[PDB]
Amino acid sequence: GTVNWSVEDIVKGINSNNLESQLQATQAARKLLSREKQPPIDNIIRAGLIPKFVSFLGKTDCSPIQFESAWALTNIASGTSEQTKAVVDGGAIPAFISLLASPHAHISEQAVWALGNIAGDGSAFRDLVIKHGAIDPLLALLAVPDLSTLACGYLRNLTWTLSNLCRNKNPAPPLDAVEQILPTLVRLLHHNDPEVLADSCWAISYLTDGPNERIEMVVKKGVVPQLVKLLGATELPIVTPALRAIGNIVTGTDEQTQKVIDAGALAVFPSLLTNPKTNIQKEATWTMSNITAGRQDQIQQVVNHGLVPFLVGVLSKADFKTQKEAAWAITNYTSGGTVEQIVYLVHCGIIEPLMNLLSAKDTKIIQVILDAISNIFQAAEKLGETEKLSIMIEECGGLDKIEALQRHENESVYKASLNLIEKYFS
């Protein structure tokens, strides 16, 4: 019937004055665009069909052609920026927003999907969707006493589209729109469906990536405890965005970080710092580095949860990027910590793995490690233990590496290493 039509046939059917022929041709187009291999998006665009599909969106009297043209346009907007732009240039945004109020749930769902793709292109189309007024009808779709009454797929598509309205930077979404969306996001963040939870966590992670004022908007809604709970989920697709959000949050002020600590996040980190997914270990160690950049009481809470041996472990054996984040964690720790906390760090066996990392090719991590070693030596100076630390660094073969760094291409490395060997290692 409508299977395997040529673009030529589709054009001939859409250009007839027969509404049913147009319906058949539009369904054929939808089926072309929903095939698994190489959907002919550009051929459909070049045929001039987008304006006709957009016009079909407004045929309230023919519900099926509304649905079919909505689906076809959704799939065109799913492609490149140019193809999405072609959909927007056809006037599709206000037409889809009008469909959001359709009495047919499959048609409003399809409009939700289309707006999601359009907004997902980037900041400009996101803000253009917001300017046309999509947020009010979108949120109205979710204004029900219990989300569990909504169809699973309907709710999932709504959540994903909302997440796309929170997505992208330069610029971030309008602050007023974020304020309008956040309550519904919190509600979705407490829903029992894993996909809804994943997309809500992604939305929160987008909103928390920016200046501390944005983080404050999110944190004021009290979502941090729920984020920690989700940080402990079995579903990796949930843990990943939850951990991203928690990290973003701890990039902010010390009080915002303390909200994460008080919610119990640190208790989850023994798993995260040994998680078998490299990305999880990397994100978790980055989060750790930003916590050890906090107050001394926050460093102390890191100590109390027994996380220092886990940092020693990550520094000893892990993907190199994770090791780089761990080096940052150590340098922040040693710069902000007390002498007692730095001594504890040394008693956990930081020196040997720290030295093994001085043979690395990355120049920046060398700078970081030399800064950490310097900090530890300042603590030792306060205790008169500089000589014991010198011996300890020598016995594991570290002095050799430090000396070899004197003859290094980078100037900062040169200065730091020469200063270290001159002031401590004779």
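Just count from 1 along the sequence shown to find any residue number.
> Between 154-162 and 337-345, which has the larger average Cα B-factor in the PDB entry?
Replying inline: Mean CA B-factor is higher for 337-345.
> Comparing 105-113 with 352-360, where is the mean C-alpha B-factor higher?
Replying inline: The deposited B-factors put 352-360 ahead on the C-alpha mean.
>> When the deposited Cα B-factors of this chain's modelled residues are ordered and cut into thirds, is residue 330 in the lowest, the middle or the highest one?
In response: Residue 330: CA B-factor falls in the highest third of its chain.
>> When the deposited Cα B-factors of this chain's modelled residues are ordered and cut into thirds, is residue 276 in the lowest, the middle or the highest one?
In response: Middle third.
> If you rank every modelled residue in this chain by C-alpha B factor, which third holds residue 79: lowest, middle or highest?
Replying inline: It belongs to the middle third of the chain when residues are ordered by C-alpha B-factor.
>> Considering every modelled residue of the chain and its Cα B-factor in the PDB entry, is residue 210 in the lowest, middle or highest third?
In response: It belongs to the highest third of the chain when residues are ordered by C-alpha B-factor.
> If you rank the chain by CA B-factor, which third does residue 192 end up in: lowest, middle or highest?
Replying inline: Answer is highest: the recorded C-alpha B-factor places it there.
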